[PDB]
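Asker: Experimental coordinates for this protein are included below, preceded by the sequence.
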Amino acid sequence: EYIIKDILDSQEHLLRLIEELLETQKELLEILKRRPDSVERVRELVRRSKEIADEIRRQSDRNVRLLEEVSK
Amino acid sequence: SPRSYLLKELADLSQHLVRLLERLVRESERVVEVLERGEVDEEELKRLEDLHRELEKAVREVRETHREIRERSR
């Protein structure tokens, strides 16, 4: 009944959010290396990173609970 | 049980990936603070790059783990 598929689908969705966070962080790092005169964009990237990270932690915690349930 | 070891390993990798990501978000904010006071020393940037490199590597292993799980559920 797609027990494994459901977990994998959820994990792939989580990986997409994680890659979104990594892309946001990469823009922040690339901008920082160039010593920008203004920090408005970098501050916004940090704020978005915090939001995405919070959701990633909630989803990951849920997936971990499901992974432990299935393995028993 | 072969899938049980993989499922628990996948949980281990996922938690590790989240902790690292949380660390990167915190460290990157601190670098922004360093830039605001004009004290960047290059090493802080290197630390962020190293963290990105490690994160990319962790994501690749997670995908490999999914492949092992799929290969074992056919």
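Answerer: Now that the structure is in, tell me what you want to look at. Numbers count the residues shown, from 1 in each chain, chains lettered A, B, ... in the order given.

Asker: In contact with residue 25, which residues?
Answerer: Reading this off chain A. Contact partners of residue A:25, counting by Cβ atoms under 8 Å, 6 or more residues apart in numbering or on different chains, are A:45, A:49, B:24-25, B:28, B:48, B:52. (Each C-beta comes from the backbone N, C-alpha and C, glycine too.)

Asker: wait, chain B
Answerer: With Cβ under 8 Å, 6+ apart, residue B:25 has these contacts: A:21, A:25, A:46, A:49-50, A:53.

Asker: ok, now with 7 Å
Answerer: Going by Cβ atoms under 7 Å, 6 or more residues apart in numbering or on different chains, residue B:25 touches A:49-50, A:53.

Asker: Compare those residues and tell me which is most surrounded.
Answerer: Compared across the contacts of residue B:25, residue A:49 has the highest neighbour count, 23 neighbours, by other Cβ atoms under 10 Å in any protein chain shown.
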